[PDB]
Amino acid sequence: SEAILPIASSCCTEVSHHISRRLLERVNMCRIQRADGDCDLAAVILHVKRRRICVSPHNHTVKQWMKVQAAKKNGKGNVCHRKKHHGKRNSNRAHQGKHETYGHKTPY
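As deposited, the entry is annotated with solution NMR as its determination method.

Peer 1: Please explain the side chain of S56 as it appears in this structure.
Peer 2: For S56, the position within the fold is in the loop between strand 3 (52-55) and helix 2 (60-70). A polar contact of 3.4 Å, which involves the side chain of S56, links it to the side chain of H17. The residues contacting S56, other than those within four sequence positions of it, are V15, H17, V44 and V62.

Peer 1: How do you make sense of the UniProt feature "disulfide bond" in the protein chain when you look at a structure like this?
Peer 2: In textbook terms, a disulfide joins two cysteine sulfur atoms at less than 2.5 Å, and UniProt's bridge between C11 and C39 fits this description with an S to S distance of 2.0 Å. You can see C11 sitting in the segment before helix 1 (21-24) and its partner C39 sitting in the loop between strand 1 (27-33) and strand 2 (43-48), a full 28 residues away along the chain. Its relative accessible area of 18% is what places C11 among the buried residues. The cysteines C12 and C54 that UniProt joins by a disulfide are bonded here; their SG atoms are 2.0 Å apart. You can see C12 sitting in the segment before helix 1 and its partner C54 sitting in strand 3, a full 42 residues away along the chain. Of the two residues, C12 and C54, both sit in the buried class.

Quick notes on the rules
- Residues numbered from 1 in each chain as written, not as in the entry; some residues may be left out.
- Heavy atoms only, no water.
- Helix = DSSP H or I, 4+ residues; strand = E, 2+ residues; numbered from the N terminus.
- Polar contact = N/O pair within 3.5 Å; in protein donor to acceptor, adjacent residues only side chain to side chain.
- Contact = heavy atoms within 4.5 Å.
- Disulfide = S-S within 2.5 Å.
- UniProt positions renumbered as here; feature names shortened; annotations may be inferred.
- Buried < 20%, exposed > 50% of the residue type's maximum accessible area, 1.4 Å probe, protein only.

Have a look at this one:
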């Protein structure tokens, strides 16, 4: 444990931004950190047995993960969002899984 870069701090001043579920599924604790009067950055604090990873709440994979994790009846500790959307406008089976198009600014 080093104090040059304080690991012993409840907040997440840094994030990994984008993350995969194989890590997320290992998460036991989730907290939504908000820029308001808590800490100066909006982050998802994720506690894993080996490390505490901090990710961006804007991450699509996280929102997918949280729905799977929300299904836990034991308790919901590693879960923050219980819903990815209010619903989902999805397709049956002919889809991309996530048709995330980087909206091109100025089509001309």
